[PDB]
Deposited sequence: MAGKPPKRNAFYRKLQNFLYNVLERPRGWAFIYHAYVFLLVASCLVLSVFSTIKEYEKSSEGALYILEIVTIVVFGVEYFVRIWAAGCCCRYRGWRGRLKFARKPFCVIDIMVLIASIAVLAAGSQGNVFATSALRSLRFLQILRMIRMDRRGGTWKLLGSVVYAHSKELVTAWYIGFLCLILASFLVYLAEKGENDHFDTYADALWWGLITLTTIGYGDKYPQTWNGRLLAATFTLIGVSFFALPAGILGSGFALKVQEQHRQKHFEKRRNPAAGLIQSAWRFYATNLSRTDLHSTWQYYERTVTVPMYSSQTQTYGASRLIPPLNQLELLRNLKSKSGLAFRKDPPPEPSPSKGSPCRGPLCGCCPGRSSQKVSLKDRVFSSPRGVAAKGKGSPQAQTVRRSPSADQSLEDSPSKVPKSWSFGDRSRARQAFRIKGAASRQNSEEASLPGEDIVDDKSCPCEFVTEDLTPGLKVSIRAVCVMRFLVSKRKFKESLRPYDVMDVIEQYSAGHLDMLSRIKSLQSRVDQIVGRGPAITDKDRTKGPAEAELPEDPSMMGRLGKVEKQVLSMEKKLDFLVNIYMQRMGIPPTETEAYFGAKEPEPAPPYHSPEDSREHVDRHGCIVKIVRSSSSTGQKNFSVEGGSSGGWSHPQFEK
């Protein structure tokens, strides 16, 4: 029964590899498992709780390595869906994926350590958490948004840094004598960074009233300039979400794809040479239209569309105008 086995295997591949819907819940469970490890490992660092922490962590490590091994095997078995990952060579290539090799490495490391490696344990927990991304999607999205607002982020950083050094230096001048907090300029810089960030430990704070006046005037600005990057990036992320949401509606990649496939086949499928020419030119046209359907993929295209029709309108009426001109002579 290859049909049912293939169906079950494709379901397992969907739930394990990039999922879409309820499959996330399963991953969430796995996350919790590994998450628990983290917490337990932290508790294993406390002398008071070392005994019980490690006692529970041994069982939990057995559980997690068993789960990860079973998941790895089920994954390399459900990889048969992908054409690239078919047969011995295909599945070996699948296991060649960086996250798969990392998974097997962490598995054999956990097996070895179970049968001092606390630092290794923490690092492997970190790695099995990182694998969840599996694509760099978080890093790629953050980098895209940061690059989009690079100038605004840099101006915020530059102005905030100038404010930090200026305010810290002025408060240092106002407090170098009558406050043991600001012994040196490094202490004042630490204070300024810890306040403009609004962390405000309280280890250092101005006490002389001129110092407090300067600190007030400069914090009122520095706190805003230090909070600016968070607001800028948040607004950028939200605007990008809205843009993607409105872009995913028209879905104008279907007809260009069909035209491209037809043109590619036909181009593969004196006068004969001219026909083959026309066909390869049309193939280049298919490539061009597909590409122009890839990159812009935005609402501005709609405006462009209108413009086209706009010109079309003009052209059309010209013909109509020409027609009525003939009616003048008839």
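In sequence order, the gaps in C-alpha coverage of the deposited chain fall at 1 to 7, 123 to 132, 287 to 472, 534 to 656.
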